[PDB]
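*Asks:* Shown below is the structure under consideration.
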Amino acid sequence: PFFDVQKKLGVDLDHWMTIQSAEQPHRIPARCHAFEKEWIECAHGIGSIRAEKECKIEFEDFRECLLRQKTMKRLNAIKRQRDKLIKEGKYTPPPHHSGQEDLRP
Amino acid sequence: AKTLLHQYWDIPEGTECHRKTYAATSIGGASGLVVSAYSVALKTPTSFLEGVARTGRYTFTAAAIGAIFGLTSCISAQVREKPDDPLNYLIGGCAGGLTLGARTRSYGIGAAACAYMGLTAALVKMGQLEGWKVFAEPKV
Amino acid sequence: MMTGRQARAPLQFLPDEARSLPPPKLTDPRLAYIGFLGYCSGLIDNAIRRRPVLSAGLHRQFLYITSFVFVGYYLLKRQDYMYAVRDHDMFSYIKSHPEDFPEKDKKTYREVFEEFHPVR
Amino acid sequence: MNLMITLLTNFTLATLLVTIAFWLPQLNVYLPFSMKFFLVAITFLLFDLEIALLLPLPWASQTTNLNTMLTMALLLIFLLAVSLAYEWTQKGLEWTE
Amino acid sequence: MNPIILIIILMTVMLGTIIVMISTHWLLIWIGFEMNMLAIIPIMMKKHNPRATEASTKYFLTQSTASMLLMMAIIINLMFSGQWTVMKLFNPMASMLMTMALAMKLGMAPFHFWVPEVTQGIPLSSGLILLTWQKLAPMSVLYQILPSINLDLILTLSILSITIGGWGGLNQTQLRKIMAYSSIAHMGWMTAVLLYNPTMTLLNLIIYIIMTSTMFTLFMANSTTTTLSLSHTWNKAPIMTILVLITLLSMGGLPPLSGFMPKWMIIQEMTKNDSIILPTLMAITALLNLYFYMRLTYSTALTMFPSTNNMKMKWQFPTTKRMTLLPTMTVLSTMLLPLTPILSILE
Amino acid sequence: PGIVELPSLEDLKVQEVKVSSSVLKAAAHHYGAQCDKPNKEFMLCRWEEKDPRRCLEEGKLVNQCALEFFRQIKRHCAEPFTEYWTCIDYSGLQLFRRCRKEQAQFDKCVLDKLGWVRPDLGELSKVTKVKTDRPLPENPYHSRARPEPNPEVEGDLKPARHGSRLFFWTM
Amino acid sequence: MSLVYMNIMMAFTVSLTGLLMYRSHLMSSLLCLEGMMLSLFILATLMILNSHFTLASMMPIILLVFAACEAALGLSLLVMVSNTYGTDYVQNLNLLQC
Amino acid sequence: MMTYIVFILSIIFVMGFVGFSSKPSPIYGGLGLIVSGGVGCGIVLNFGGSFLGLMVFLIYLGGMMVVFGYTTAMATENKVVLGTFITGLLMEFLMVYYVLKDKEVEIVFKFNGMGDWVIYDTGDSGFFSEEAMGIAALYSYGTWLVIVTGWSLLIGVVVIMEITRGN
Amino acid sequence: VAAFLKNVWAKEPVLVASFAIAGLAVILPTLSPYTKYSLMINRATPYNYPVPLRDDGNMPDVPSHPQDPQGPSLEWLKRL
Amino acid sequence: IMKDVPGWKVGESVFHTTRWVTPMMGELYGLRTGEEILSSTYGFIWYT
Ligand SMILES: CCCCCCCCCCCCCCCCCC(=O)OC[C@H](COP(=O)([O-])OC[C@H](O)COP(=O)([O-])OC[C@H](COC(=O)CCCCCCCCCCCCCCCCC)OC(=O)CCCCCCCCCCCCCCCCC)OC(=O)CCCCCCCCCCCCCCCCC
Ligand SMILES: CCCCCCCCCCCCCCCCCC(=O)OC[C@H](COP(=O)(O)OCCN)OC(=O)CCCCCCCCCCCCCCCCC
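Protein chains in written order, with my numbering: chain A, 38 to 142; chain B, 2 to 141; chain C, 54 to 173; chain D, 3 to 99; chain E, 886 to 1232; chain F, 7 to 177; chain G, 613 to 710; chain H, 162 to 328; chain I, 2 to 81; chain J, 5 to 52.
Written out as structure tokens, the structure is:
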């Protein structure tokens, strides 16, 4: 029994804090605003059973925005191979990845 | 412990007796550890030695039930050459019931556990054959 | 099951499409049974307070009957509405999915072979 | 970072002065429970939670929903006052008033 | 307690449950549970004796633990979904933690261990609130999260509640512990049908609330908290023995009574989903519940136990207790089976 | 998934505005007045494309129009501007209100020698309109096709055939 | 996921096992319960600050306030228990076995 | 080492929880929860939550744990504790050793072993703290939340005065 | 209504001052002519960037430059 | 760097969408020194 009093009376008791893509103070975006907007607009109205299978791409992009697991795994792989090549001596870091280039602006 | 039941049921009946006996022994040992865990939980033993004695007693009791069950079921499937037959698990469940009576040192508990555990193991074999579901997935 | 059906317009006891349906008659035997339950509640109310059961508080017995008939009429309206919604959804789903509901070829018993089992 | 250095310096100076004060004169040879105190501590805790609700007000006055903000600010301070008035009239603030 | 303060506190219990039922945000669900627990603690300490303080402490510890597990499930859901909508959960760990938390709030086995203690420690009216109104908010949360509820967990909880609530009531002579183990078994029946058809969950909840409110109202009307004080009722109010007879036969699920209505419909929904062993063993296990209900009917209505001499004084005084809705509840708890297809109003 | 497409290091070379933030804050109001059009073209492109890689050339125009802003200060009014941003630069919060007479001398010299009027309070915060030749991005979120909705309910609601059909009830 | 979440969840499970394994005092149970609350506060806060989810920034405060009110209620129950037996030992709270 | 500062504070946080959850005495348990609240505030401050961390100091430590230690001082005046403490400490440092030697671990969830600076945002918020603005929006957008919280606090006052009276 | 107020002012002037200050806090913002200017000053404060509009061709009220006449003005705030 | 690694696509996005994603802190400063990392990730928080 989800008695939907908020939709029945037209009052917004708690829909405003429910998602990150809702109206925020000073129009501050969430970091995953575009991914959450894509996943919500994909999965809207088609029901949860169809949304599990038909919006999997947007939901996987949004979960990977939220937790950055694939990104951190890729950075792990790059940094580990870099440390292995530094230990083997088969690589040297450039001057712009050592701190000798006096950044852009 | 769902993979314990899977490595029990993956082997055909009457083919590899030692590994079926070991798998049923491990299922019985896991059930005995669960019973021992709640037993020393809800009823505090008087010492640590009494607690590990109760744990070892219940674990070895249920593991011996499982061992003699799997052994008797696989031997009855071998000597009758009928692997898909619930009478084999009826004999195995009665052997496990006689084991549970031998651990409790009483004949009446042995005969009662023979009858009820043999009928239960027969029903489990029939459910594996005809595909009976206890935790059935919602379909409609 | 049908909870997404009544979720676009929530908390409606009887929606506007329920008025397309014929209402229960006032001589509905279900409604007469609910009135009988009100009469039984009035008798138990006299019995537990040690009033004379058939005679005392006829106004109270009549308000029991009236209140049960009043609530039960709307409960029967909602019941008939929900079974009508059930059948409307069933028929619209069968009409929209013909590949899932084919017309089965009905065979007469001259072609149908059934095994005979003698009782002897 | 400067704050962590400052906290470490204050903690180090305090521990050094305490270590001096406990080990410089070593050179020389030489209750029944009171319900009233518990009630004032719990009244502190409840009004302190109400204060925690009141703490974003200097930022909340910057909103464009000022009628709603002013209504809710006055309602929170009013409910703190109703908590005090209930604590008063039911003899909760007595013998430590 | 001041009657105004009692009204405000009971409205706050109701408000917490209503906030749980109407909110779309998980924080407001959690707030509704916190508000409900905070308001229901004085209802349990209404009479100020050490058994009520012990019951309120045990209730506080179990419900606070469940509330923290609920908030951890909400927080894990926020990790793996970035949102707060009260709908399916987006992690099986959060689903498990929320199902455990709601089972603790319901007192379903093996988290059942507070329900007979807390029900015994508190008055009959507050145990009426605990066994009927306090089930409403966690069942509504279970209603909304059922696309993510693990089947094996909820059915394990269901059968474990039905078996433990059946065996627990067999040993009892106190009426509040009998109603508590009866509660545990009926909540097992409600969660067993939940993933298959939650309309039958609502049906079992409503029929259980009617029958349990009837039995608590009879116990309050006769001032009986034990089997043996309930056995004096025939020599004082013989109509009350007939009412406890028909209501206890209904709670056993014997047709043609109304408490046959849920379990039958539950079996009717569990065999459509090809589960045959499970409603069979559930119905056979409910015979334990019927056995201790029959024990109470033997002691109260079907035999006449010996009374005392001072009972003759109580013959001269009528029951001035407000037996609120007791004839209506007694009729609805017994004669409702011919109106079994009314259940579609819960869809 | 696909390979991310980054612009080269040659495509990111531009003549930088190598002045400090106090210089920028001192020149800010006349910069928002004089360099309005390529700045608003860039920010319109930046909020419509939602991608910095699609906004580089307009951004270079910003970095082209700022420098022409400062050279025209350096050719005419270098000393009142220097005296003004030094006074801005002293402050920790870089207050405008501590520096009103140096601001008045800078605004006097700029209004005389260049004709630039400093914007009033409220003007640089206006939402303006921008005439662009680039097309509107038809899919800036790069969204794929949305799933087709479920069929709605339609038709007249007839009564249930033979009632509830619950086991033996005829209604 | 990120490395601090492991430790905040492990802190929650440590305070959970502390609250699920009593020693003697009811106060130690209430301390483990509020440790569970503290870890929920920290975990909620790190998520909400990482996500830049602005409106949920008021959520942990609410989580603090309610739970401290809950804690106040717990202390009061403890005090009434301690006004019966002299201590707050959980083994004195066993009258409801029969 | 300094890129791992939130991780180090989280290690000290778990060590403090193993400290009080082993339950030596409720006063030392209070001290352990105080030290844990301080280092958890430090974690929150290092994700940029200045106001929420100061709420941990003002309300959790300065408000609630004060009342806990107060009630404990009014109510109060081993081998299991030490073994439990070293057990939790060894479990935590085995977690540390695994996630540092592997840069990945999986207890229940998968966890990266890099420094947790990597997940942060690379922009600015202009002339506001976003966390301060979201907390300030409790009065503009959080009307129902203000209502239910203030009503629960008023009811909490009433409930404490009911159950502590004994009449 | 007049003897009661003098009685409570003689006995409890702290509470009389408390209820008077709280009543002036409640009723006076609805009676102030400057309450509108609080809202106007809060909405006139530019925290965000004023993201410009694509000139479709027909927007006479939207300026092309900050120093254009059309658009929202803050002369009321400079003058008051 | 990633030449010896088999099956490695250099510059492969972890997202299925081809929309621009705002770069993470470890994506920009991952290969740089610890001083630049510490500055860009805790400089404003640790500033005074
Ligand atoms: C132009 C404008 C004006 C037009 C006016 C036209 C009418 C003029 C006459 C006015 C009166 C009309 C009455 C309603 C029509 C007849 C209804 C009927 O009999 O349905 C047959 C119904 C089905 O038979 P049918 O041959 O297929 O249909 C014939 C008609 O077409 C039936 O029509 P249907 O197909 O539409 O029926 C619909 C459906 C047909 O039924 C079904 O679809 C099957 C399911 C039925 C329910 C089965 C429940 C099983 C478990 C519970 C068992 C209860 C325990 C037994 C009773 C214990 C003692 C109280 O009925 C229901 O769903 C309602 C549920 C059953 C209630 C029946 C009405 C009772 C009203 C009076 C209540 C008084 C107390 C009665 C006893 C309490 C229990 C009912 O019969 C049964 O199920 C057997 C039980 C008999 C029912 C009660 C008989 C009513 C008259 C009783 C008067 C004497 C009372 C004595 C004092 C109180 C008792 C101590
Ligand atoms: C509507 C505006 C907002 C109102 C809510 C916000 C209030 C802000 C201030 C916070 C106050 C919270 C606590 C109030 C407690 C009131 C109850 C009380 O104090 O009653 C007891 C007192 C007698 O004192 P006693 O019990 O003896 O204590 C020992 C000292 N003699 O009894 C008394 O002294 C009687 C006190 C009540 C009468 C005071 C009348 C003052 C009128 C001022 C002018 C009108 C102001 C407009 C508002 C209407 C006020 C009625």
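Cβ coordinates follow ideal geometry from the N, Cα and C atoms, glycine included.
Determine the burial state of D:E52: buried for a count of at least 16 other Cβ atoms within 10 Å of its Cβ, exposed for fewer.
*Replies:* Within the fourth sequence, numbered from 1, the residue matching residue 52 of chain D stands at position 50. It is buried - the Cβ of D:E52 has at least 16 other Cβ atoms within 10 Å.
*Asks:* Quick check: what's the CA-CA separation for E:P977 versus D:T66?
*Replies:* Along the fifth sequence, read from residue 1 onward, the residue named residue 977 of chain E stands at position 92. Along the fourth sequence, read from residue 1 onward, the residue named residue 66 of chain D stands at position 64. So the two alpha carbons sit approximately 41 Å from each other.
*Asks:* So, helix, strand or coil for F:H35, using DSSP?
*Replies:* Stepping through the sixth sequence from its first residue, residue 35 of chain F is reached at position 29. Residue state, collapsed to three classes: helix.
*Asks:* Quick one: is E:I1162 near chain B, going by C-beta distance under 7 Å?
*Replies:* Taking the fifth sequence and counting its residues from 1, one reaches residue 1162 of chain E at position 277. Closer than 7 Å: yes.
*Asks:* Just to confirm the assignment: which complete alpha helix (DSSP H) runs, minimum length 4, are found wholly within the stretch 26-99 of chain F?
*Replies:* You should have 27-32, 34-40, 42-55, 62-80, 84-96.
*Asks:* Determine the burial state of J:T21: buried for a count of at least 16 other Cβ atoms within 10 Å of its Cβ, exposed for fewer.
*Replies:* Residue mapping note: residue 21 of chain J aligns to position 17 of the tenth sequence, counting from 1. Buried, by the Cβ-count rule.
*Asks:* With a cut-off of 7 Å, does the C-beta of F:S149 fall near any C-beta of chain A?
*Replies:* Reading the sixth sequence from its first residue, position 143 is the one you call residue 149 of chain F. Judged by the 7 Å Cβ criterion, F:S149 is in contact with chain A.
*Asks:* Can at least three beta-carbon pairs, one atom from the stretch 40-57 of chain D and one from the stretch 13-24 of chain D, be found at a separation below 8 Å?
*Replies:* Cβ pair count under 8 Å is below three, so no.
*Asks:* Would E:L1088 and E:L1231 qualify as a contact pair, given that the criterion is a beta-carbon distance under 7 Å?
*Replies:* Within the fifth sequence, the letter at position 203 stands for residue 1088 of chain E. Within the fifth sequence, the letter at position 346 stands for residue 1231 of chain E. Contact: yes.
*Asks:* With C-beta atoms as the reference, is C:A60 less than 7 Å away from F:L163?
*Replies:* Counting from one through the third sequence, the residue named residue 60 of chain C turns up at place 7. Counting from one through the sixth sequence, the residue named residue 163 of chain F turns up at place 157. It is not a contact, given that the beta carbons lie outside the stated cut-off.
*Asks:* Got a sec? Which residues, its chain only, sit under 6 Å from A:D98 by beta carbon, not counting five neighbours each side?
*Replies:* As a working mapping, residue 98 of chain A is identified with position 61 in the first sequence. Same-chain partners within the cutoff: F72.
*Asks:* If you measure from each CB to the nearest heavy atom of ligand 2 and keep those under 6 Å, what residues do you get, in chain order?
*Replies:* Output, sorted by chain position: D:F80, D:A83, D:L86, D:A87, D:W90, D:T91, I:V9, I:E13, I:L16, I:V17, I:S19, I:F20, I:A21, I:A23, I:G24, I:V27.
*Asks:* Please find out if some non-hydrogen atom of ligand 1 comes closer than 6 Å to the beta-carbon of E:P1223.
*Replies:* For the purposes of this step, residue 1223 of chain E is taken as the residue at position 338 of the fifth sequence. E:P1223 Cβ: within cutoff of ligand 1.
*Asks:* Using 10 angstroms around the beta-carbon of C:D133, count the other beta-carbons present and answer buried if the total reaches 16, otherwise exposed.
*Replies:* Taking the first residue of the third sequence as position 1, residue 133 of chain C is located at position 80. Classification of C:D133: buried, given that the 10 Å Cβ count is 16 or more.
*Asks:* Quick one, which of H:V175, H:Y302, H:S313 has its alpha-carbon nearest A:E60's?
*Replies:* Numbered from 1 along the first sequence, position 23 holds the residue referred to as residue 60 of chain A. Comparing Cα-Cα distances from A:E60 to each of H:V175, H:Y302, H:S313, the minimum goes to H:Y302.
*Asks:* Listed from N- to C-terminal order along the chain, which residues in the stretch 124-158 of chain F have their beta-carbon within a distance smaller than 7 Å of any beta-carbon of chain C?
*Replies:* Going along the stretch 124-158 of chain F in chain order, one finds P157 with a Cβ nearer than 7 Å to chain C.
*Asks:* Taking the CB atoms as reference points, tell me whether B:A25 and B:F61 lie closer together than 7 Å.
*Replies:* Numbered from 1 along the second sequence, position 24 holds the residue referred to as residue 25 of chain B. Numbered from 1 along the second sequence, position 60 holds the residue referred to as residue 61 of chain B. Cβ distance not < 7 Å, so B:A25 and B:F61 don't count as in contact.
*Asks:* Is the separation between the beta-carbon of F:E89 and that of F:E108 shorter than 7 Å?
*Replies:* Position 83 of the sixth sequence, counted from the start, is the residue given in the question as residue 89 of chain F. Position 102 of the sixth sequence, counted from the start, is the residue given in the question as residue 108 of chain F. Closer than 7 Å, so yes.
*Asks:* Short of 9 Å Cβ to Cβ, which residues in the stretch 95-127 of chain A face chain H?
*Replies:* The residues in question are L104, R105, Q106, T108, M109, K110, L112, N113, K116, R117.
*Asks:* For J:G47, tell me which candidate among H:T325, H:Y281, H:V309 has the shortest Cα-Cα distance.
*Replies:* Indexing the tenth sequence from 1 puts residue 47 of chain J at position 43. Nearest C-alpha to J:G47: H:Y281.
*Asks:* Which residue or residues does DSSP assign as beta-bridge partners of I:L54?
*Replies:* Translated into positions along the ninth sequence, residue 54 of chain I becomes position 53. I:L54 pairs with F:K135.
*Asks:* So, helix, strand or coil for E:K1121, using DSSP?
*Replies:* Here residue 1121 of chain E corresponds to residue number 236 of the fifth sequence, with the count starting at 1. Reduced to three states, the DSSP call for E:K1121 is coil.
*Asks:* Give a yes or no on whether the minimum CB-CB distance between I:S33 and chain D is below 7 Å.
*Replies:* For the purposes of this step, residue 33 of chain I is taken as residue 32 along the ninth sequence, with counting starting at 1. Judged by the 7 Å Cβ criterion, I:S33 is not in contact with chain D.
*Asks:* Could you name the residues of chain C that E:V1216 contacts, counting a contact when the two beta carbons are closer than 7 Å?
*Replies:* On the fifth sequence, residue 1216 of chain E is found 331 positions in, with the first residue counted as 1. Result: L90, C93, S94, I97.
*Asks:* Taking Cβ positions only, does J:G38 come closer than 7 Å to chain A?
*Replies:* Start at 1 with the first residue of the tenth sequence, and residue 38 of chain J comes out as number 34. Output row for J:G38: interface = no.
*Asks:* Report the three-state DSSP secondary structure of H:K271 (helix, strand or coil).
*Replies:* Taking the eighth sequence and counting its residues from 1, one reaches residue 271 of chain H at position 110. If DSSP states are grouped into helix, strand and coil, H:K271 belongs with the strands.
*Asks:* Got a sec, what are the start and stop residues for the alpha helix (DSSP H) H:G177 sits in?
*Replies:* Start at 1 with the first residue of the eighth sequence, and residue 177 of chain H comes out as number 16. Segment 166-182, the alpha helix (DSSP H) holding H:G177.
*Asks:* So, for E:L1211: in the same chain, excluding its five sequence neighbours on each side, which residues have a beta-carbon less than 6 Å away from its beta-carbon?
*Replies:* What you label residue 1211 of chain E is simply residue 326 of the fifth sequence in a count that begins at 1. The residues are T1102.
*Asks:* Whose Cβ in chain F lies nearer than 8 Å to the Cβ of E:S1229?
*Replies:* Walking along the fifth sequence from the start, residue 1229 of chain E turns up at place 344. Simply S170.
*Asks:* Mapping DSSP to helix, strand and coil, what is B:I76?
*Replies:* As a working mapping, residue 76 of chain B is identified with position 75 in the second sequence. The answer is helix: DSSP assigns B:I76 an H, G or I state.
*Asks:* For the stretch 1058-1103 of chain E, list the alpha helix (DSSP H) runs that are entirely contained and at least 4 residues long, ordered along the chain.
*Replies:* Listed in chain order, the complete alpha helix (DSSP H) runs (minimum 4 residues) inside the stretch 1058-1103 of chain E are 1060-1077.
*Asks:* Give a yes or no on contact between the stretch 894-902 of chain E and the stretch 963-975 of chain E, applying the rule of three or more CB pairs nearer than 8 Å.
*Replies:* Because the criterion of three Cβ pairs below 8 Å is not met, the stretch 894-902 of chain E and the stretch 963-975 of chain E do not touch.
*Asks:* At a threshold of 6 Å, does C:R102 count as lining ligand 1 (C-beta to nearest heavy atom)?
*Replies:* Within the third sequence, residue 102 of chain C is the residue found at index 49, counting from 1. No; taking the cut-off as 6 Å, the Cβ of C:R102 has no heavy atom of ligand 1 nearer than that.
*Asks:* Alpha carbon to alpha carbon, how far is J:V14 from F:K137? Give it in angstroms, no decimals.
*Replies:* One-based indexing of the sixth sequence puts residue 137 of chain F at position 131. One-based indexing of the tenth sequence puts residue 14 of chain J at position 10. Roughly 39 Å between the two C-alpha positions.
*Asks:* How big is the Cα-Cα spacing for H:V200 and A:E101?
*Replies:* One-based indexing of the eighth sequence puts residue 200 of chain H at position 39. One-based indexing of the first sequence puts residue 101 of chain A at position 64. In a straight line, the C-alpha of H:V200 is about 29 Å away from that of A:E101.
*Asks:* Nearest to E:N1082 by CA position, among E:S908, E:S1229, E:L891, E:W911, is which residue?
*Replies:* In the fifth sequence, counting from the first residue as 1, residue 1082 of chain E sits at position 197. Comparing Cα positions, the closest option is E:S1229.
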